[PDB]
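Read through the structure below, which is laid out as structure tokens, and then see the notes.
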DNA sequence: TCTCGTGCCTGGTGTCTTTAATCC
DNA sequence: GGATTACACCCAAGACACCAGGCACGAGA
RNA sequence: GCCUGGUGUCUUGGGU
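Protein chains in written order, with the deposited numbering: chain B, 1081 to 1129; chain A, 244 to 291.
Here it is as structure tokens:
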């Protein structure tokens, strides 16, 4: 490489936010009894607002 | 109709009623007691 | 065998006094 | 001297009526 | 032998 590269150890920390805890998709699914609109929340197969 | 005030099941075999359902029961009970006054013991200050 | 006491279930019904800026 | 106004979306974990009266059952005399 | 329902109201802690 025409340029030299700053290189060395650094302490790195692994944070709790991982993609497979966030990814979500909904085709059809459960609805609320009251509004017959899609439910809220990843944990309930919900839809985006 | 019940679509406006659906029942929900808190822990599967136990169901509570919507706030409107409880409140309509209170209006309905209170309505019967107005009928219960005008035919007998009304000390006027009780009617109010 | 009878009576009394305690516990559980069902039904009905409340109350000692004790966060800040704007307009209309 | 009054209320109404106060970004958006999303995730997740953590909770639930009280008191009084009546009836039934069990224990003790 | 097809249909197939699992809660709410808050509060708190977080993400951009």
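Each residue gets a CB set at the ideal place from its N, CA and C atoms; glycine is no exception.
Cβ-Cβ distances below 8 Å link residue 249 of chain A to 261 in the same chain, with the five nearest sequence neighbours on each side left out; the list follows chain order. For residue 275 of chain A, the enclosing alpha helix (DSSP H) has its first and last residue at 262-278. Ranked by Cα distance from residue 264 of chain A, the first of A:286, A:245, A:284, A:291 is A:245.
Residue 252 of chain A is bridged by DSSP to A:258. Taken through DSSP and simplified to helix, strand or coil, residue 1118 of chain B comes out as strand. Taken through DSSP and simplified to helix, strand or coil, residue 1111 of chain B comes out as strand.
Contact residues of the stretch 1110-1125 of chain B toward chain A are 1113, 1114 (C-beta to C-beta distance below 8 Å).
Judged by their CB atoms, residue 1088 of chain B and residue 1106 of chain B are not nearer to each other than the 9 Å cut-off. The C-beta of residue 244 of chain A comes no closer than 9 Å to any C-beta of chain B.
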